[PDB]
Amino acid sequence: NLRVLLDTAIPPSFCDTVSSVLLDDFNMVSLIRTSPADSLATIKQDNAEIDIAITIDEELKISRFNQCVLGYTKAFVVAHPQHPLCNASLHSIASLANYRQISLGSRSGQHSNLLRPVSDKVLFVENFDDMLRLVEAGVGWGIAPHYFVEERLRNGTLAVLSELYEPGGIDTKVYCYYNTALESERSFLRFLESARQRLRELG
């Protein structure tokens, strides 16, 4: 009934929050997961009937939907600890556009500026697990959500190459594309203000 989509860069905390809050005013809620490189294509397929989509991907105006922001999440470009581009860093951040990158692929073979790769050439994968399996072998470097790569980082399996580009991790807004019918529904504003208020408790 209420069909909500949540991309894969959305940390499970952010998902738990969304879900629990929907659960206040909603009676049937379906929670679809998706790659961030297919979220926006998916909601566009009218037959998919997505009422709400929670994604890091950005596009100006989608047809039937409006956009706002729920919060912020972080991501790191990572690599194998003995990747050439480790440590040595100033010039290295430029050299990413040479070294090979493991990118998230889309069914529409298409990519926003936000998720377009930064280097030719690239190896595409469908999901973060496959990104990092590769990236753990030395096969490329990737961009990955904080949570997907926290553990591995502490355990020294992976290094971060992103600190000079943006110390602390790469920030990105988490967006809510919501079917326009929902604008001016009390349940939806309740969810919005609720989920939001709570996502500030995380940080």
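All residue numbers refer to positions in the sequence shown, first residue = 1.
Look over 41-49 and 165-173 in the entry and identify the one with the greater average Cα temperature factor.
Taking the mean C-alpha B-factor of 41-49 and of 165-173, the larger value falls to 41-49.
188-196 versus 5-13: which one carries the higher mean Cα B factor per the record?
Comparing averages over the C-alpha atoms only gives 188-196.
Looking at the C-alpha B-factor values in the deposited entry, which of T55, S30, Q67, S63 comes out highest?
Within the set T55, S30, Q67, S63, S63 shows the top C-alpha B-factor.
Based on the deposited C-alpha B factors for this chain, I'd like to know if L115 is in the lowest, middle or highest third.
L115: CA B-factor falls in the lowest third of its chain.
Could you place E136 in the lowest, middle or highest third of its chain by Cα temperature factor, using the values in the record?
It falls in the bottom third of the chain.
Where the record places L153 (Cα B-factor, split into thirds across the chain):
Ranked within chain, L153 CA B lands in the highest tercile.
Determine, from the deposited record, the chain-internal third of the Cα B-factor for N87: lowest, middle or highest.
As the PDB entry reports it, the C-alpha B-factor of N87 lands in the highest third of its chain.
Lowest, middle or highest third: which one holds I93 when the chain's residues are ordered by CA B-factor from the entry?
According to the entry, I93 has a C-alpha B-factor in the chain's highest third.
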